[PDB]
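Next comes data.pdb, with PDB, N, CA and C atoms.
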```pdb
ATOM      1  N   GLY A   1      90.444 109.076  87.256  1.00  0.00           N
ATOM      2  CA  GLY A   1      90.403 107.600  87.460  1.00  0.00           C
ATOM      3  C   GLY A   1      91.452 106.921  86.599  1.00  0.00           C
ATOM      4  N   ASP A   2      92.620 107.431  86.822  1.00  0.00           N
ATOM      5  CA  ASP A   2      93.862 106.997  86.148  1.00  0.00           C
ATOM      6  C   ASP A   2      94.909 106.497  87.148  1.00  0.00           C
ATOM      7  N   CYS A   3      94.567 105.432  87.818  1.00  0.00           N
ATOM      8  CA  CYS A   3      95.503 104.855  88.822  1.00  0.00           C
ATOM      9  C   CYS A   3      96.411 103.845  88.121  1.00  0.00           C
ATOM     10  N   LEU A   4      97.180 104.420  87.227  1.00  0.00           N
ATOM     11  CA  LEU A   4      98.170 103.660  86.398  1.00  0.00           C
ATOM     12  C   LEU A   4      99.134 102.857  87.303  1.00  0.00           C
ATOM     13  N   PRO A   5      99.845 101.900  86.745  1.00  0.00           N
ATOM     14  CA  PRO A   5     100.722 100.998  87.534  1.00  0.00           C
ATOM     15  C   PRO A   5     102.136 101.575  87.648  1.00  0.00           C
ATOM     16  N   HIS A   6     102.914 101.235  86.661  1.00  0.00           N
ATOM     17  CA  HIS A   6     104.330 101.689  86.567  1.00  0.00           C
ATOM     18  C   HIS A   6     104.406 103.191  86.259  1.00  0.00           C
ATOM     19  N   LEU A   7     105.574 103.729  86.517  1.00  0.00           N
ATOM     20  CA  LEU A   7     105.896 105.170  86.294  1.00  0.00           C
ATOM     21  C   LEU A   7     105.990 105.442  84.777  1.00  0.00           C
ATOM     22  N   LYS A   8     104.837 105.372  84.161  1.00  0.00           N
ATOM     23  CA  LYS A   8     104.659 105.585  82.697  1.00  0.00           C
ATOM     24  C   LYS A   8     104.871 107.055  82.308  1.00  0.00           C
ATOM     25  N   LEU A   9     105.169 107.273  81.050  1.00  0.00           N
ATOM     26  CA  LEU A   9     105.401 108.638  80.538  1.00  0.00           C
ATOM     27  C   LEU A   9     104.089 109.435  80.495  1.00  0.00           C
ATOM     28  N   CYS A  10     104.168 110.669  80.931  1.00  0.00           N
ATOM     29  CA  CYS A  10     103.013 111.576  80.960  1.00  0.00           C
ATOM     30  C   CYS A  10     103.476 112.991  80.581  1.00  0.00           C
ATOM     31  N   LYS A  11     102.521 113.885  80.550  1.00  0.00           N
ATOM     32  CA  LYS A  11     102.778 115.313  80.205  1.00  0.00           C
ATOM     33  C   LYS A  11     102.408 116.182  81.412  1.00  0.00           C
ATOM     34  N   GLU A  12     101.287 115.846  82.008  1.00  0.00           N
ATOM     35  CA  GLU A  12     100.767 116.581  83.207  1.00  0.00           C
ATOM     36  C   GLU A  12     100.692 115.594  84.390  1.00  0.00           C
ATOM     37  N   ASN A  13     100.718 116.127  85.588  1.00  0.00           N
ATOM     38  CA  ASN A  13     100.652 115.283  86.817  1.00  0.00           C
ATOM     39  C   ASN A  13      99.326 114.508  86.888  1.00  0.00           C
ATOM     40  N   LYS A  14      98.263 115.238  86.640  1.00  0.00           N
ATOM     41  CA  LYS A  14      96.862 114.703  86.646  1.00  0.00           C
ATOM     42  C   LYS A  14      96.785 113.300  86.026  1.00  0.00           C
ATOM     43  N   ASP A  15      97.651 113.093  85.062  1.00  0.00           N
ATOM     44  CA  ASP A  15      97.752 111.798  84.324  1.00  0.00           C
ATOM     45  C   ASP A  15      97.573 110.588  85.235  1.00  0.00           C
ATOM     46  N   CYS A  16      98.098 110.694  86.428  1.00  0.00           N
ATOM     47  CA  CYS A  16      97.994 109.596  87.414  1.00  0.00           C
ATOM     48  C   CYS A  16      97.171 109.994  88.629  1.00  0.00           C
ATOM     49  N   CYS A  17      96.579 109.004  89.251  1.00  0.00           N
ATOM     50  CA  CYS A  17      95.754 109.219  90.459  1.00  0.00           C
ATOM     51  C   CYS A  17      96.696 109.789  91.533  1.00  0.00           C
ATOM     52  N   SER A  18      97.899 109.264  91.514  1.00  0.00           N
ATOM     53  CA  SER A  18      98.969 109.662  92.454  1.00  0.00           C
ATOM     54  C   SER A  18      99.477 111.078  92.135  1.00  0.00           C
ATOM     55  N   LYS A  19      98.972 111.603  91.041  1.00  0.00           N
ATOM     56  CA  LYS A  19      99.306 112.960  90.509  1.00  0.00           C
ATOM     57  C   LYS A  19     100.705 113.472  90.875  1.00  0.00           C
ATOM     58  N   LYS A  20     101.674 112.590  90.790  1.00  0.00           N
ATOM     59  CA  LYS A  20     103.061 113.021  91.124  1.00  0.00           C
ATOM     60  C   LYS A  20     103.968 112.447  90.043  1.00  0.00           C
ATOM     61  N   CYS A  21     103.808 112.997  88.869  1.00  0.00           N
ATOM     62  CA  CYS A  21     104.627 112.536  87.716  1.00  0.00           C
ATOM     63  C   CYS A  21     105.715 113.599  87.503  1.00  0.00           C
ATOM     64  N   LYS A  22     106.937 113.136  87.329  1.00  0.00           N
ATOM     65  CA  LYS A  22     108.111 114.071  87.124  1.00  0.00           C
ATOM     66  C   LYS A  22     108.950 113.755  85.876  1.00  0.00           C
ATOM     67  N   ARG A  23     109.436 114.808  85.259  1.00  0.00           N
ATOM     68  CA  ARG A  23     110.271 114.701  84.017  1.00  0.00           C
ATOM     69  C   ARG A  23     111.688 115.253  84.218  1.00  0.00           C
ATOM     70  N   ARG A  24     112.442 114.524  85.003  1.00  0.00           N
ATOM     71  CA  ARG A  24     113.852 114.929  85.301  1.00  0.00           C
ATOM     72  C   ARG A  24     114.755 114.163  84.328  1.00  0.00           C
ATOM     73  N   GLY A  25     114.408 114.409  83.094  1.00  0.00           N
ATOM     74  CA  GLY A  25     115.044 113.853  81.898  1.00  0.00           C
ATOM     75  C   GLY A  25     115.172 114.959  80.855  1.00  0.00           C
ATOM     76  N   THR A  26     115.474 114.539  79.658  1.00  0.00           N
ATOM     77  CA  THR A  26     115.632 115.492  78.528  1.00  0.00           C
ATOM     78  C   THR A  26     114.251 115.717  77.907  1.00  0.00           C
ATOM     79  N   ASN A  27     113.620 114.632  77.547  1.00  0.00           N
ATOM     80  CA  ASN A  27     112.257 114.694  76.931  1.00  0.00           C
ATOM     81  C   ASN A  27     111.226 115.104  77.995  1.00  0.00           C
ATOM     82  N   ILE A  28     110.060 115.499  77.543  1.00  0.00           N
ATOM     83  CA  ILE A  28     108.980 115.912  78.495  1.00  0.00           C
ATOM     84  C   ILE A  28     108.461 114.669  79.219  1.00  0.00           C
ATOM     85  N   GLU A  29     108.724 113.525  78.625  1.00  0.00           N
ATOM     86  CA  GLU A  29     108.302 112.199  79.173  1.00  0.00           C
ATOM     87  C   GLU A  29     108.452 112.214  80.696  1.00  0.00           C
ATOM     88  N   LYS A  30     107.318 112.470  81.287  1.00  0.00           N
ATOM     89  CA  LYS A  30     107.191 112.556  82.761  1.00  0.00           C
ATOM     90  C   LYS A  30     106.811 111.174  83.292  1.00  0.00           C
ATOM     91  N   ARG A  31     107.482 110.675  84.296  1.00  0.00           N
ATOM     92  CA  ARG A  31     107.114 109.325  84.792  1.00  0.00           C
ATOM     93  C   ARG A  31     106.109 109.516  85.901  1.00  0.00           C
ATOM     94  N   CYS A  32     105.261 108.533  86.034  1.00  0.00           N
ATOM     95  CA  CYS A  32     104.163 108.515  87.052  1.00  0.00           C
ATOM     96  C   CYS A  32     104.433 108.004  88.473  1.00  0.00           C
ATOM     97  N   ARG A  33     104.608 108.932  89.380  1.00  0.00           N
ATOM     98  CA  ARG A  33     104.863 108.581  90.801  1.00  0.00           C
ATOM     99  C   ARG A  33     103.680 109.154  91.640  1.00  0.00           C
TER     100      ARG A  33
END
```
Can you present the structure in this file as structure tokens?
Amino acid sequence: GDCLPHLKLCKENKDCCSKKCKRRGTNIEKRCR
């Protein structure tokens, strides 16, 4: 029950209801899509 708004930084996909968070950056900071 994590239906976050903006593509916030995460570690695992589960982080968001949309469970589509990606880290196509340097840091693990995965954004929430």
List the residues selected by the PyMOL selection byres ((chain A and resi 30) around 7) in the file shown, writing them as a PyMOL selection string. chain A and resi 7-12+21-24+27-29+31-33
Atoms to include: N, CA and C atoms. Write the selected residues as a JSON list (two decimals), in the frame of the given file.
```
[["chain", "number", "residue", "atom", "x", "y", "z"],
["A", 7, "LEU", "N", 105.57, 103.73, 86.52],
["A", 7, "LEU", "CA", 105.90, 105.17, 86.29],
["A", 7, "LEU", "C", 105.99, 105.44, 84.78],
["A", 8, "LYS", "N", 104.84, 105.37, 84.16],
["A", 8, "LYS", "CA", 104.66, 105.58, 82.70],
["A", 8, "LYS", "C", 104.87, 107.06, 82.31],
["A", 9, "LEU", "N", 105.17, 107.27, 81.05],
["A", 9, "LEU", "CA", 105.40, 108.64, 80.54],
["A", 9, "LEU", "C", 104.09, 109.44, 80.50],
["A", 10, "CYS", "N", 104.17, 110.67, 80.93],
["A", 10, "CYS", "CA", 103.01, 111.58, 80.96],
["A", 10, "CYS", "C", 103.48, 112.99, 80.58],
["A", 11, "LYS", "N", 102.52, 113.88, 80.55],
["A", 11, "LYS", "CA", 102.78, 115.31, 80.20],
["A", 11, "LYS", "C", 102.41, 116.18, 81.41],
["A", 12, "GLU", "N", 101.29, 115.85, 82.01],
["A", 12, "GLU", "CA", 100.77, 116.58, 83.21],
["A", 12, "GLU", "C", 100.69, 115.59, 84.39],
["A", 21, "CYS", "N", 103.81, 113.00, 88.87],
["A", 21, "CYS", "CA", 104.63, 112.54, 87.72],
["A", 21, "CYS", "C", 105.72, 113.60, 87.50],
["A", 22, "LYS", "N", 106.94, 113.14, 87.33],
["A", 22, "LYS", "CA", 108.11, 114.07, 87.12],
["A", 22, "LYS", "C", 108.95, 113.76, 85.88],
["A", 23, "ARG", "N", 109.44, 114.81, 85.26],
["A", 23, "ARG", "CA", 110.27, 114.70, 84.02],
["A", 23, "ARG", "C", 111.69, 115.25, 84.22],
["A", 24, "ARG", "N", 112.44, 114.52, 85.00],
["A", 24, "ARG", "CA", 113.85, 114.93, 85.30],
["A", 24, "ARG", "C", 114.76, 114.16, 84.33],
["A", 27, "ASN", "N", 113.62, 114.63, 77.55],
["A", 27, "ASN", "CA", 112.26, 114.69, 76.93],
["A", 27, "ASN", "C", 111.23, 115.10, 78.00],
["A", 28, "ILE", "N", 110.06, 115.50, 77.54],
["A", 28, "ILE", "CA", 108.98, 115.91, 78.50],
["A", 28, "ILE", "C", 108.46, 114.67, 79.22],
["A", 29, "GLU", "N", 108.72, 113.52, 78.62],
["A", 29, "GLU", "CA", 108.30, 112.20, 79.17],
["A", 29, "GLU", "C", 108.45, 112.21, 80.70],
["A", 31, "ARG", "N", 107.48, 110.68, 84.30],
["A", 31, "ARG", "CA", 107.11, 109.32, 84.79],
["A", 31, "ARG", "C", 106.11, 109.52, 85.90],
["A", 32, "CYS", "N", 105.26, 108.53, 86.03],
["A", 32, "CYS", "CA", 104.16, 108.52, 87.05],
["A", 32, "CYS", "C", 104.43, 108.00, 88.47],
["A", 33, "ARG", "N", 104.61, 108.93, 89.38],
["A", 33, "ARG", "CA", 104.86, 108.58, 90.80],
["A", 33, "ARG", "C", 103.68, 109.15, 91.64]]
```
Using Å and a single decimal, report how far atom C of residue 14 (chain A) sits from CA of residue 26 (chain A).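 Between CA of residue 26 (chain A) and atom C of residue 14 (chain A) the gap works out to 20.4 Å.
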Figure out the distance between atom N of residue 25 (chain A) and atom C of residue 1 (chain A), please, to one decimal in Å.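 Rounded to one decimal, the two atoms are 24.4 Å apart.
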When DSSP is applied to the backbone of this structure, which of chain A are assigned strand (DSSP E)? Write them out as an mmCIF file with N, CA and C atoms, keeping the file's coordinate frame.
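Wrote result03.cif, looks like this:
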```cif
data_model
loop_
_atom_site.group_PDB
_atom_site.id
_atom_site.type_symbol
_atom_site.label_atom_id
_atom_site.label_comp_id
_atom_site.auth_asym_id
_atom_site.auth_seq_id
_atom_site.Cartn_x
_atom_site.Cartn_y
_atom_site.Cartn_z
ATOM 1 N N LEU A 9 105.169 107.273 81.050
ATOM 2 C CA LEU A 9 105.401 108.638 80.538
ATOM 3 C C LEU A 9 104.089 109.435 80.495
ATOM 4 N N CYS A 10 104.168 110.669 80.931
ATOM 5 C CA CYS A 10 103.013 111.576 80.960
ATOM 6 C C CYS A 10 103.476 112.991 80.581
ATOM 7 N N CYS A 21 103.808 112.997 88.869
ATOM 8 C CA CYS A 21 104.627 112.536 87.716
ATOM 9 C C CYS A 21 105.715 113.599 87.503
ATOM 10 N N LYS A 22 106.937 113.136 87.329
ATOM 11 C CA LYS A 22 108.111 114.071 87.124
ATOM 12 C C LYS A 22 108.950 113.755 85.876
ATOM 13 N N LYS A 30 107.318 112.470 81.287
ATOM 14 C CA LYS A 30 107.191 112.556 82.761
ATOM 15 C C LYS A 30 106.811 111.174 83.292
ATOM 16 N N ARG A 31 107.482 110.675 84.296
ATOM 17 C CA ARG A 31 107.114 109.325 84.792
ATOM 18 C C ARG A 31 106.109 109.516 85.901
ATOM 19 N N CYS A 32 105.261 108.533 86.034
ATOM 20 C CA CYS A 32 104.163 108.515 87.052
ATOM 21 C C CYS A 32 104.433 108.004 88.473
#
```
CA of residue 15 (chain A) to CA of residue 2 (chain A) measures 6.4 Å
